[PDB]
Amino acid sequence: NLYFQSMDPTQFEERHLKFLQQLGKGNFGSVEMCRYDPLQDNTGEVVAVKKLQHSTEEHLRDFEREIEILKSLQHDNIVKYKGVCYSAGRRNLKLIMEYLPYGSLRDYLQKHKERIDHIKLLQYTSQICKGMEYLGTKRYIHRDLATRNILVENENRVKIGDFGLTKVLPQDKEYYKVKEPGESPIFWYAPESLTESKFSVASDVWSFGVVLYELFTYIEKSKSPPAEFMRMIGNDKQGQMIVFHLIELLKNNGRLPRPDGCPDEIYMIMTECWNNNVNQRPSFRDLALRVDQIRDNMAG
């Protein structure tokens, strides 16, 4: 009460934050490209600015937690927090982060295949694993690892780029039970997340396996996880029947197929991540080392 939490409301003043482009909309948020030009001279750093789509009270509280999460992270493969803009005369909140020019990895794989080969995919795989190792040191569970939430700085660097579903483990538990679910990315979820709403480092590893699948399908039309699972389940299914069949399929070892051209050894990594036995999934440290050894064992 007496003294409010430290914040720097003059770091990004709304009057100097200049719109450049709309970048995308999520479930609860919208992201713009802006230029922060305090010397009103048409210069300044380019930044990404996350805002809410629907500014209810509950969403604002969750957004504050997301901001605190991102601010606490400093790693080469995590999008860089810059600050907050308290716009509308300090009656609204916007999150300021660095701007990464090539957008989501999902889009980059579809739009920039000319500059992607397996070496690059393994580099991105490694970088994602290292960012996730770092999250684990903070006891953060991402809960939405997917190529749409990874951002591309350049052909040699990707970063985990969004944290809107991230949760902090309780002190005395190795899982977080989500007890207010909203929209769920079911085709990336581990079975125990689907059946018990339990999220953990190990369920992030499961989702990472799906990310690795996404990378090697090159975001090919008809090969995405939703399209492939729907083909396996039955394309005509609708509503909860989809979830029922997805759960039953996963529990009895149904899995996404090996992408065309994917090496057996990379598919093996995927299938080890997709273990119904939570404790048998590899760690992100195991995965980064294995991927970097594969890369390093190539000639050159």
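Residue numbers here begin at 1 and follow the sequence given.
Going by the average Cα B-factor in the PDB entry, point out whether 270 to 278 or 59 to 67 comes out higher. Stretch with the greater average CA B-factor: 59 to 67.
For the higher mean C-alpha B factor in the entry, choose 160 to 168 or 199 to 207. Stretch with the higher mean C-alpha B-factor: 160 to 168.
Which of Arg90, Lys130, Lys177, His142 ranks first by CA B-factor in the deposited coordinates: Across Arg90, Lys130, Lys177, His142, the entry lists the biggest C-alpha B-factor for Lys177.
Record-listed C-alpha B factor of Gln238: chain third: Highest third.
Among the modelled residues of its chain, does the C-alpha B-factor of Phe229 lie in the lowest, middle or highest third? Tercile = middle for this residue's CA B-factor.
Taking the C-alpha B-factors as the PDB entry records them, is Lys251 in the lowest, middle or highest third of its chain? Answer is lowest: the recorded C-alpha B-factor places it there.
Cα B factor band for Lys113 (lowest, middle or highest third within the chain): Within its chain, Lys113 is a highest-third residue by C-alpha B-factor, going by the deposited values.
Taking only the Cα B-factors deposited for this chain, tell me whether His54 sits in the lowest, middle or highest third. Highest third of the chain for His54's C-alpha B-factor.
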